[PDB]
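Inspection log for the structure reproduced underneath, given as structure tokens.
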Amino acid sequence: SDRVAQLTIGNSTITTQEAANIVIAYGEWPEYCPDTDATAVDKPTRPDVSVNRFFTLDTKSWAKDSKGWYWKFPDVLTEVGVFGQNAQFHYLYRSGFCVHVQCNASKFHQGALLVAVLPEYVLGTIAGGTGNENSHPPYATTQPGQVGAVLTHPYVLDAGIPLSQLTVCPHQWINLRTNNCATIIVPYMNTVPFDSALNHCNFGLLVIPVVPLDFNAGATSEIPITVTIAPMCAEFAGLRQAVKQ
Amino acid sequence: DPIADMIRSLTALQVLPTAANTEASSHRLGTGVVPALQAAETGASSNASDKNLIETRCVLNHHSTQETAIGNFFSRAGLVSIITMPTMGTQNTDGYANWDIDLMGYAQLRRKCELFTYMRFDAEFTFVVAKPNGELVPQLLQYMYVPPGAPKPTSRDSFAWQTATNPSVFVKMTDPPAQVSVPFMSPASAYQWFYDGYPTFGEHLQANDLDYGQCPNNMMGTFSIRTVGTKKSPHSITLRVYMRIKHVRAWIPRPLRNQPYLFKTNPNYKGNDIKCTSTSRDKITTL
Amino acid sequence: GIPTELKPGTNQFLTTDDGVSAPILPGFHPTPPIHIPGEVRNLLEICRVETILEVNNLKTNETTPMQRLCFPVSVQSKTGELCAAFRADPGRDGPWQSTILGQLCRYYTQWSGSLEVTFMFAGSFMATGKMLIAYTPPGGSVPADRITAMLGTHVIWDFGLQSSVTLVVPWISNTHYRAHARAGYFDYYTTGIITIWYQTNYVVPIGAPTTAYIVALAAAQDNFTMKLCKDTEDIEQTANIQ
Amino acid sequence: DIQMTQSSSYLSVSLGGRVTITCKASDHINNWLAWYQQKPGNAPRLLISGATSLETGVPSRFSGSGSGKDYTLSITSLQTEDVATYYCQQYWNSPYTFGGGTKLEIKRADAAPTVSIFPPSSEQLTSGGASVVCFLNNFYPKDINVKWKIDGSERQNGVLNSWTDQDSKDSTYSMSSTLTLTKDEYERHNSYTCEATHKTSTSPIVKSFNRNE
Amino acid sequence: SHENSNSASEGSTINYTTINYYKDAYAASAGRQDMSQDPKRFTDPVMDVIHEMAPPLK
Amino acid sequence: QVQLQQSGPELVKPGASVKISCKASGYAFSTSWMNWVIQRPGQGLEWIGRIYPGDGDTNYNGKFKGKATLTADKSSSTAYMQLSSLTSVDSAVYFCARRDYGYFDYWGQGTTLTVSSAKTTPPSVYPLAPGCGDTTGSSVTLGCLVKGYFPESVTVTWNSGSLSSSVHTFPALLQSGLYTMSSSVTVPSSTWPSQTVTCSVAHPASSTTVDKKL
Ligand SMILES: CCCCCCCCCCCCC/C=C\[C@H](O)[C@H](N)CO
């Protein structure tokens, strides 16, 4: 009565048998921008069934020594579908997201994931391993794309803030004896009502294995993790020609 | 009419001036009601009260929750800059000094402001001047707030000291410190201490890569200090500025930093000395 | 004009006084606010959020720091064995330093209220076990048996589909508030210990792994308060921030 | 009932070397294996518990390992007080099965047997029973078979061998082969011949005796 | 005889009564702080309501 | 220091029963298991059973159920093993070990038990000396045979303890229900028959110490 769910937006449905509840991040649903908060004067476009649908990214592979992965939003979808074309032709952007993370395993496996949504996830650098050299992270690290990137030091989240306090952010666990899914509905969280899709990355997904994967010698060792995402109430403004970067 | 398809929060605010009471309870022995067993995978914290686990009393708590507010957590003045005019040396030997407004260079006020992502407040700056000895001699000074785009001073006798539109304040050294109130001055709705993005467009190279994290919405100008006079004064001046937060709103709480700081613009940590959050012990079964 | 007299406290700068200063921009008007989600008004809203406790704070885990968030359970040979033990005061050096409750308590001096600790089991579905989580009011040290540790506030945890239990730490104290405990004369503010024991055993079939891990979470209840703001000793600036 | 196989029962290396004693189980025993050492005469002494840990008092020459169903005890380097029988034990299930036991011996050069037959005394078969013996003295290594030869005929059973273990500082083996017989069938034949065949040697080392001498 | 409302909190003022002697509301005191809390959008941001005494999922 | 001290040796007829004790010391006796291990000569080591002396429960091996029975007296800190219906396969060494974490960390001394119906016989010393026909060559070994003695064993010496660099005391091997051993001494022919050797048996059970010269 709580373990089964269906999520139908657009022309895409996601069915799950053994899932936990759905987290609405900070208790608010995705809305359109009202007239008391809008500052632009043009008429924003609203493709409500072509961009508000589920998009499946690349599957990862979970090992016994995996450190953890992260993605950036909306950077993962600025080259995919008709959402990627409206992100290239327009200057402004406002959307909220559904985030769904899947990992199936048997009743003889064990492990635990922490799927979190950190708004304004600025990364750091090791400063050359001595603190003297002022490094800055490259563009393939700050905007990885549909593939995502790996964490180097997951205890400090590659930013100097601990993993132990990540649960103040909206989060769900994936305990392999309990569930195989994790669903978070994220509202638009920004200081301005509209911002650009190619420069600013609003939040960051972050899947980190807190308890490592362990099975017995002979079981299946190919245990993948996949991420499916869906924009909700997406609108664009400021039409021009296509800029890719 | 011809086309048919062409035709919400969760919680509620509540005022709570005191901590909650504990009602009396007795023993329960039943089936189907398990208040202790929770589900940590759902993202929800455990809602099990103390009365659903032990045998409690009736306690009327009168413990106030006012000092834990954000307005009382931030209304303490903390140091934000030390501006130094030496007579001999390398920094500011010619009687004037400029300082770009970045309030994130001292660690105690930085770790408190970086609990949140967005903050919207009013400020209150206090200017404490002395010699490096700690002594005070009679000398007139001038601080001037230079907004972005305004001309910056280049000497003691520049035209920027005319103060036709810029706010300034004339102070001696022997009088009380100078307090001014500064409003919320950002072109956005709140200050961002964490900006995940580049301020400009353009193909990003490694050369123009020291702009990841630099939001122009927090760029606020320059404090320009001088000793008023065409001649030079035979006195060294060290000025310490203290900021006090007023009328504060805050959004999106964050984890709190456990590594030492390195730079003012980016959260780069030291990689070979990643210190631990907790103090260690020898065995897990001993205390 | 009006006859006035000046009192002590003239020309002092107290860093906490709530005064009225002179403005710098006549006629200014700020940018209008918009609805940014996740607004916070007290710090007690953040203290009620469960965060990961570091019970496994060993000296051998400091080079691989990810193992400090987990405690292993295993199949035993003796019966009724001690698993872990840690003190229950959030403002002390130890396992409570990793929590957002512990890092925010150290900005204050005194505290009062009840705490809850949630233990999550991250093993296999075919595993079976029962554990005893006890809490002892101040007095002697950690017990040597569980026949001594059963005399306190204890919770029998059974593993199953609901893979979490909540042990509440009741507010049992002499005084109304409680300053932060140290190794010295300030240790009459101690709160006691929290021990985990094996109630029966950890039993697995063939094919299931014979060691599982438990992650511990901790937060505060509704009658938790804080008092007398101070500066933390967790942040230390050494030379300069460039 | 977890049968636990320890192969092989005999192995021999000299001092200052490296021994490796293997023990393979049949079911998964979850690293709950223990190694013992039993000197001849006294009680066993536990050396390794849990296939990794040393007990308090045993030196650092012993170090155990193992992963899967095969395990290993290694002695580097072997001294003279470390020559004993070594057992593995499984304490994961009942009955707590022990291994077979690998005896350690010392490796040195070969020595040929010196066969010395002794005839029966005259006074002892007066009671009706005689007893013929075939002593051999100070040879190496063990796995031989000595044949009893009466006028070109094969005769077993009735025989019995009694070996010994290694002596102290010279590492050599001895054996006593005797057999009782009622004295009427003592006068069946006349010869006394014992062939002691060896592994490398093609022809056995044979002495002879006769009654009519 | 009134004053310019230009503080950082007018429609969402966390205070009730402050002191002022100027025409700019960002110069005023901090005053007493409000004690309004809504902690359930950090402790239980779950779509369907979970009753405490009942188990959450089965 | 924790030590276990068992009873001495026994010797009973076929069909009788014995009771082996094992006294623990320097330990909390009622809160640890006490095991029993049998060692048949001379190849094996097998478990029999354990006992918790606190509540008194017992867990036996399957192939020792009807034969062994275990009790424990906590007023004396002493375990007991009563082996009943004793036969010829019940001649072994019986150990007493305690269990700490699944393994046996401390063991006893080892009591021995032999089951035989034969009564104490005096041994017979028979010489093995060359020889009526063959003496070749310049060095010849010599020994003496001992047969017919119970229980094992006897201590055979040579020349009042002066010969030890040529002795070979062989272990017993019983036949027809009665033991048999031998000895050997090598001499050069320059000392034979200059050294008429002195076999000397010593059997303290029957008090029969007879000597023999050649
Ligand atoms: C005549 C006295 C003039 C005093 C003027 C002081 C103006 C300072 C305004 C406070 C602005 C808030 C700080 C904003 C941003 C932070 O410093 C950012 N981390 C900088 O990147």
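Chain lettering (A, B, ...) mirrors the order of the structure tokens, residue numbering begins at 1 for each chain separately, and ligand numbering begins at 1 in order of display.
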**OP:** Find the residues near residue 25 in chain B: any atom within 12 Å, counting only C-alpha atoms, skip ones fewer than 3 places away on the same chain, and give them as a list in words.
**Re:** residues 22, 28, 49, 50, 51, 52, 53, 54, 55, 56, 57, 58 and 59 of chain B
Against ligand 1, which residues of chain B fall within 6 Å? For each one I want the closest pair of atoms and the distance in Å (one decimal), counting only C-alpha atoms and all ligand atoms, rows by chain and increasing residue number, as CSV.
residue,atom,partner,partner_atom_place_in_ligand_line,distance
B:101,CA,ligand 1,17 (O),5.9
B:102,CA,ligand 1,17 (O),3.6
B:103,CA,ligand 1,17 (O),3.8
B:104,CA,ligand 1,19 (N),5.3
B:143,CA,ligand 1,1 (C),5.4
B:144,CA,ligand 1,1 (C),4.6
B:145,CA,ligand 1,3 (C),4.2
B:167,CA,ligand 1,1 (C),5.6
B:168,CA,ligand 1,1 (C),4.6
B:169,CA,ligand 1,1 (C),5.7
B:193,CA,ligand 1,19 (N),5.3
B:218,CA,ligand 1,15 (C),4.3
Please dump the current selection as a short mmCIF file (atom, residue, chain, number, x, y, z; two decimals), in the first residue's frame; keep N, CA, C and O atoms.
data_model
loop_
_atom_site.label_atom_id
_atom_site.label_comp_id
_atom_site.auth_asym_id
_atom_site.auth_seq_id
_atom_site.Cartn_x
_atom_site.Cartn_y
_atom_site.Cartn_z
N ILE B 101 35.71 44.78 -1.05
CA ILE B 101 34.76 44.32 -0.04
C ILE B 101 34.54 42.83 -0.25
O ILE B 101 33.75 42.42 -1.11
N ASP B 102 35.25 42.01 0.51
CA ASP B 102 35.00 40.57 0.59
C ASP B 102 35.01 40.24 2.07
O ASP B 102 36.07 40.23 2.70
N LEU B 103 33.84 39.95 2.62
CA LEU B 103 33.67 39.78 4.06
C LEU B 103 34.02 38.38 4.53
O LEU B 103 33.62 38.00 5.64
N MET B 104 34.75 37.60 3.73
CA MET B 104 34.94 36.18 3.99
C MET B 104 36.41 35.84 4.13
O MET B 104 36.90 34.90 3.49
N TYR B 143 37.17 57.73 5.67
CA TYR B 143 36.75 56.52 4.99
C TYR B 143 35.70 56.88 3.95
O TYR B 143 34.88 57.77 4.17
N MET B 144 35.72 56.18 2.83
CA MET B 144 34.79 56.48 1.74
C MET B 144 34.35 55.19 1.07
O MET B 144 35.19 54.39 0.65
N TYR B 145 33.04 55.00 0.98
CA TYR B 145 32.48 53.85 0.28
C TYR B 145 32.45 54.15 -1.20
O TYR B 145 31.77 55.08 -1.64
N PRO B 167 29.23 58.17 -0.37
CA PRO B 167 29.16 58.36 1.08
C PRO B 167 30.53 58.27 1.71
O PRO B 167 31.34 57.40 1.37
N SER B 168 30.80 59.18 2.63
CA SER B 168 32.07 59.20 3.35
C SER B 168 31.82 59.62 4.79
O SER B 168 30.72 60.04 5.16
N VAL B 169 32.86 59.51 5.61
CA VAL B 169 32.78 59.87 7.02
C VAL B 169 34.15 60.33 7.50
O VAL B 169 35.17 59.68 7.24
N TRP B 193 26.69 32.71 -0.90
CA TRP B 193 28.04 32.33 -0.51
C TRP B 193 28.55 31.13 -1.30
O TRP B 193 29.73 30.78 -1.17
N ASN B 218 27.64 39.67 -5.50
CA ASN B 218 28.21 39.98 -4.20
C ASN B 218 29.38 40.95 -4.27
O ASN B 218 29.94 41.30 -3.23
#
Show me, as JSON lines, the residues of chain D having an atom within 8 Å of chain F, each with the closest atom pair and its distance in Å, using only C-alpha atoms.
{"residue": "D:34", "atom": "CA", "partner": "F:103", "partner_atom": "CA", "distance": 6.7}
{"residue": "D:42", "atom": "CA", "partner": "F:109", "partner_atom": "CA", "distance": 6.9}
{"residue": "D:43", "atom": "CA", "partner": "F:109", "partner_atom": "CA", "distance": 6.0}
{"residue": "D:44", "atom": "CA", "partner": "F:107", "partner_atom": "CA", "distance": 7.0}
{"residue": "D:45", "atom": "CA", "partner": "F:105", "partner_atom": "CA", "distance": 7.6}
{"residue": "D:46", "atom": "CA", "partner": "F:105", "partner_atom": "CA", "distance": 6.0}
{"residue": "D:49", "atom": "CA", "partner": "F:103", "partner_atom": "CA", "distance": 7.2}
{"residue": "D:91", "atom": "CA", "partner": "F:102", "partner_atom": "CA", "distance": 5.8}
{"residue": "D:92", "atom": "CA", "partner": "F:102", "partner_atom": "CA", "distance": 7.9}
{"residue": "D:95", "atom": "CA", "partner": "F:61", "partner_atom": "CA", "distance": 6.3}
{"residue": "D:96", "atom": "CA", "partner": "F:47", "partner_atom": "CA", "distance": 6.3}
{"residue": "D:97", "atom": "CA", "partner": "F:46", "partner_atom": "CA", "distance": 6.7}
{"residue": "D:98", "atom": "CA", "partner": "F:45", "partner_atom": "CA", "distance": 6.3}
{"residue": "D:99", "atom": "CA", "partner": "F:45", "partner_atom": "CA", "distance": 7.9}
{"residue": "D:100", "atom": "CA", "partner": "F:44", "partner_atom": "CA", "distance": 6.5}
{"residue": "D:101", "atom": "CA", "partner": "F:43", "partner_atom": "CA", "distance": 7.5}
{"residue": "D:116", "atom": "CA", "partner": "F:141", "partner_atom": "CA", "distance": 7.4}
{"residue": "D:118", "atom": "CA", "partner": "F:128", "partner_atom": "CA", "distance": 5.7}
{"residue": "D:119", "atom": "CA", "partner": "F:128", "partner_atom": "CA", "distance": 6.9}
{"residue": "D:120", "atom": "CA", "partner": "F:128", "partner_atom": "CA", "distance": 7.0}
{"residue": "D:121", "atom": "CA", "partner": "F:127", "partner_atom": "CA", "distance": 6.4}
{"residue": "D:124", "atom": "CA", "partner": "F:126", "partner_atom": "CA", "distance": 6.6}
{"residue": "D:162", "atom": "CA", "partner": "F:171", "partner_atom": "CA", "distance": 7.0}
{"residue": "D:163", "atom": "CA", "partner": "F:170", "partner_atom": "CA", "distance": 7.5}
{"residue": "D:164", "atom": "CA", "partner": "F:170", "partner_atom": "CA", "distance": 6.7}
{"residue": "D:174", "atom": "CA", "partner": "F:168", "partner_atom": "CA", "distance": 8.0}
{"residue": "D:175", "atom": "CA", "partner": "F:170", "partner_atom": "CA", "distance": 7.9}
{"residue": "D:176", "atom": "CA", "partner": "F:170", "partner_atom": "CA", "distance": 7.4}
{"residue": "D:209", "atom": "CA", "partner": "F:134", "partner_atom": "CA", "distance": 7.2}
{"residue": "D:210", "atom": "CA", "partner": "F:133", "partner_atom": "CA", "distance": 7.7}
{"residue": "D:213", "atom": "CA", "partner": "F:133", "partner_atom": "CA", "distance": 5.0}
Kindly assemble as a tab-separated table a list of the chain E residues that lie within 7 Å of chain B, each paired with its nearest atom pair and their distance in Å to one decimal, using only C-alpha atoms, sorted first by chain and then by ascending residue number.
residue	atom	partner	partner_atom	distance
E:7	CA	B:183	CA	7.0
E:8	CA	B:121	CA	5.7
E:9	CA	B:247	CA	6.2
E:26	CA	B:183	CA	5.7
E:27	CA	B:181	CA	5.6
E:30	CA	B:246	CA	5.9
E:33	CA	B:71	CA	6.4
E:35	CA	B:15	CA	5.7
E:36	CA	B:15	CA	4.3
E:37	CA	B:14	CA	5.6
E:38	CA	B:13	CA	4.9
E:40	CA	B:11	CA	6.3
E:41	CA	B:11	CA	6.4
E:43	CA	B:45	CA	5.0
E:44	CA	B:44	CA	4.4
E:45	CA	B:44	CA	6.6
E:46	CA	B:44	CA	6.8
E:52	CA	B:35	CA	6.0
E:53	CA	B:35	CA	4.6
E:54	CA	B:33	CA	5.5
E:55	CA	B:34	CA	6.5
E:56	CA	B:39	CA	6.8
**OP:** Could you list, as a PyMOL selection string, the residues of chain B having an atom within 9 Å of chain A when counting only C-alpha atoms?
**Re:** chain B and resi 8-11+39-44+117-118+188-192+194-206+209-213+252-263+266-274+277
**OP:** Compute the set of chain D residues within 12 Å of chain A, using only C-alpha atoms, and express it as a PyMOL selection string.
**Re:** chain D and resi 28+30+67-69
At a cut-off of 8 Å, using only C-alpha atoms, what residues contact residue 150 in chain C? Leave out same-chain residues fewer than 4 positions from it and give the result as a JSON list (two decimals) with N, CA, C and O atoms, in the first residue's frame.
[["chain", "number", "residue", "atom", "x", "y", "z"],
["C", 134, "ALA", "N", 21.29, -0.24, 25.40],
["C", 134, "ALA", "CA", 21.02, 0.22, 26.74],
["C", 134, "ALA", "C", 21.55, 1.63, 26.96],
["C", 134, "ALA", "O", 22.46, 2.09, 26.26],
["C", 146, "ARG", "N", 25.86, -7.96, 30.40],
["C", 146, "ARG", "CA", 24.58, -7.36, 30.09],
["C", 146, "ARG", "C", 23.55, -7.61, 31.17],
["C", 146, "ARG", "O", 22.46, -7.04, 31.12],
["C", 154, "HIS", "N", 16.56, 0.38, 28.37],
["C", 154, "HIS", "CA", 17.03, -0.48, 27.31],
["C", 154, "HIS", "C", 15.91, -0.79, 26.32],
["C", 154, "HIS", "O", 14.73, -0.77, 26.68]]
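Straight-line separation from CA of residue 139 in chain D to CA of residue 171 in chain D: 9.3 Å.
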Subject >> Residue hits in chain C, query chain A, radius 7 Å, only C-alpha atoms, as a list in words >> reply: residues 34, 36, 37, 38, 49, 50, 51, 52, 65, 66, 70, 98, 99, 100, 122, 123, 124, 125, 126, 161, 207, 208, 209 and 213 of chain C
Neighbours of range 171-179 of chain B within 8 Å (only C-alpha atoms; same-chain residues fewer than 5 positions away dropped), as a PDB file with C-alpha atoms, in the first residue's frame?
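Printed below is result-v3.pdb as written:
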ATOM      1  CA  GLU B 124      26.375  47.619  10.705  1.00  0.00           C
ATOM      2  CA  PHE B 125      30.074  48.430  10.384  1.00  0.00           C
ATOM      3  CA  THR B 126      32.251  49.768  13.196  1.00  0.00           C
ATOM      4  CA  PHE B 127      35.708  51.241  12.581  1.00  0.00           C
ATOM      5  CA  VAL B 128      38.325  50.897  15.343  1.00  0.00           C
ATOM      6  CA  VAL B 129      41.579  52.742  14.585  1.00  0.00           C
ATOM      7  CA  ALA B 130      44.809  52.670  16.571  1.00  0.00           C
ATOM      8  CA  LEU B 136      46.201  56.878  19.906  1.00  0.00           C
ATOM      9  CA  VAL B 137      47.511  60.186  18.542  1.00  0.00           C
ATOM     10  CA  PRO B 138      45.392  63.113  17.229  1.00  0.00           C
ATOM     11  CA  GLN B 139      45.001  62.610  13.478  1.00  0.00           C
ATOM     12  CA  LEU B 140      42.073  63.100  11.112  1.00  0.00           C
ATOM     13  CA  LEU B 141      41.118  60.288   8.737  1.00  0.00           C
ATOM     14  CA  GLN B 142      38.546  59.703   6.002  1.00  0.00           C
TER      15      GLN B 142
ATOM     16  CA  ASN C  11      32.223  55.799  24.517  1.00  0.00           C
ATOM     17  CA  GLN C  12      32.415  52.023  24.825  1.00  0.00           C
ATOM     18  CA  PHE C  13      31.873  49.576  21.974  1.00  0.00           C
ATOM     19  CA  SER C  21      23.319  53.686  13.586  1.00  0.00           C
ATOM     20  CA  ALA C  22      23.252  56.343  10.932  1.00  0.00           C
TER      21      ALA C  22
END
Subject >> Shell around residue 111 in chain D at 8 Å using only C-alpha atoms, local window under 2 positions removed, as a ChimeraX atom specification >> reply: /D:109,113,138-141
Give me a file of those residues, with N, CA and C atoms, as a PDB file, in the first residue's frame.
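And here's result02.pdb as it stands now:
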ATOM      1  N   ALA D 109      71.052 -36.862   4.405  1.00  0.00           N
ATOM      2  CA  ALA D 109      71.483 -37.772   3.355  1.00  0.00           C
ATOM      3  C   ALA D 109      70.953 -39.186   3.589  1.00  0.00           C
ATOM      4  N   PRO D 113      70.589 -49.811   4.683  1.00  0.00           N
ATOM      5  CA  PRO D 113      70.334 -50.655   5.854  1.00  0.00           C
ATOM      6  C   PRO D 113      71.377 -51.747   6.030  1.00  0.00           C
ATOM      7  N   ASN D 138      70.005 -48.542  11.527  1.00  0.00           N
ATOM      8  CA  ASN D 138      70.491 -47.218  11.115  1.00  0.00           C
ATOM      9  C   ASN D 138      70.408 -46.990   9.600  1.00  0.00           C
ATOM     10  N   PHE D 139      69.177 -46.788   9.128  1.00  0.00           N
ATOM     11  CA  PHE D 139      68.929 -46.513   7.717  1.00  0.00           C
ATOM     12  C   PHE D 139      67.954 -45.349   7.572  1.00  0.00           C
ATOM     13  N   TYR D 140      67.710 -44.952   6.313  1.00  0.00           N
ATOM     14  CA  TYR D 140      66.929 -43.779   5.928  1.00  0.00           C
ATOM     15  C   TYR D 140      66.661 -43.822   4.427  1.00  0.00           C
ATOM     16  N   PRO D 141      65.463 -43.438   3.949  1.00  0.00           N
ATOM     17  CA  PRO D 141      64.220 -43.055   4.628  1.00  0.00           C
ATOM     18  C   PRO D 141      63.322 -44.257   4.923  1.00  0.00           C
TER      19      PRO D 141
END
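Here CA of residue 87 in chain B is placed at a distance of 8.5 Å from CA of residue 233 in chain B.
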Subject >> helix (DSSP H, G or I) positions in chain E, given as number ranges by chain >> reply: E: 25-27, 40-43
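Excluding residue 29 in chain E and any residue on its chain fewer than 5 positions from it, the residues at most 7 Å away by only C-alpha atoms are residues 18, 19 and 20 of chain C; 18, 19 and 20 of chain E.
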List every residue of chain E that DSSP, applied to the backbone of this structure, places in strand (DSSP E or B), and write the result as an mmCIF file with N, CA and C atoms, in the first residue's frame.
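Wrote part.cif, looks like this:
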data_model
loop_
_atom_site.group_PDB
_atom_site.id
_atom_site.type_symbol
_atom_site.label_atom_id
_atom_site.label_comp_id
_atom_site.auth_asym_id
_atom_site.auth_seq_id
_atom_site.Cartn_x
_atom_site.Cartn_y
_atom_site.Cartn_z
ATOM 1 N N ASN E 4 10.346 55.609 5.564
ATOM 2 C CA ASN E 4 10.588 54.798 4.370
ATOM 3 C C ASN E 4 10.787 53.339 4.745
ATOM 4 N N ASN E 15 10.671 40.434 13.342
ATOM 5 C CA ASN E 15 10.591 41.222 14.558
ATOM 6 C C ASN E 15 9.182 41.775 14.718
ATOM 7 N N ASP E 24 15.217 56.045 7.486
ATOM 8 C CA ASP E 24 15.606 54.850 6.750
ATOM 9 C C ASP E 24 15.482 53.644 7.667
ATOM 10 N N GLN E 33 12.907 38.921 18.554
ATOM 11 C CA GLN E 33 12.751 38.026 17.425
ATOM 12 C C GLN E 33 11.509 37.166 17.582
ATOM 13 N N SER E 36 8.507 31.686 15.534
ATOM 14 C CA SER E 36 7.740 30.834 14.643
ATOM 15 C C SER E 36 8.617 29.713 14.110
ATOM 16 N N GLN E 37 8.078 28.500 14.110
ATOM 17 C CA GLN E 37 8.796 27.335 13.627
ATOM 18 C C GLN E 37 7.895 26.527 12.714
ATOM 19 N N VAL E 46 7.781 14.051 3.368
ATOM 20 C CA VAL E 46 7.329 12.844 2.691
ATOM 21 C C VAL E 46 5.920 13.100 2.167
#
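Neighbours of range 75-78 of chain F closer than or equal to 8 Å, with only C-alpha atoms counted and sequence neighbours fewer than 6 positions away skipped, come out as residues 21, 22, 23, 24, 25 and 29 of chain F.
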Next, dump the selected residues to file, keeping only N, CA and C atoms, as a PDB file, in the first residue's frame.
ATOM      1  N   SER F  21      38.204 -38.133  36.020  1.00  0.00           N
ATOM      2  CA  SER F  21      38.000 -36.789  36.533  1.00  0.00           C
ATOM      3  C   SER F  21      38.941 -35.810  35.845  1.00  0.00           C
ATOM      4  N   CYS F  22      38.613 -34.522  35.964  1.00  0.00           N
ATOM      5  CA  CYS F  22      39.429 -33.451  35.393  1.00  0.00           C
ATOM      6  C   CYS F  22      39.166 -32.200  36.223  1.00  0.00           C
ATOM      7  N   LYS F  23      40.097 -31.871  37.114  1.00  0.00           N
ATOM      8  CA  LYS F  23      39.913 -30.786  38.069  1.00  0.00           C
ATOM      9  C   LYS F  23      40.425 -29.475  37.490  1.00  0.00           C
ATOM     10  N   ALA F  24      39.539 -28.496  37.378  1.00  0.00           N
ATOM     11  CA  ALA F  24      39.901 -27.164  36.932  1.00  0.00           C
ATOM     12  C   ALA F  24      40.331 -26.314  38.118  1.00  0.00           C
ATOM     13  N   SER F  25      41.111 -25.278  37.827  1.00  0.00           N
ATOM     14  CA  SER F  25      41.625 -24.413  38.877  1.00  0.00           C
ATOM     15  C   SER F  25      41.927 -23.044  38.298  1.00  0.00           C
ATOM     16  N   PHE F  29      34.440 -21.597  36.957  1.00  0.00           N
ATOM     17  CA  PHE F  29      34.199 -22.921  36.398  1.00  0.00           C
ATOM     18  C   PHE F  29      32.798 -23.077  35.833  1.00  0.00           C
TER      19      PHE F  29
END
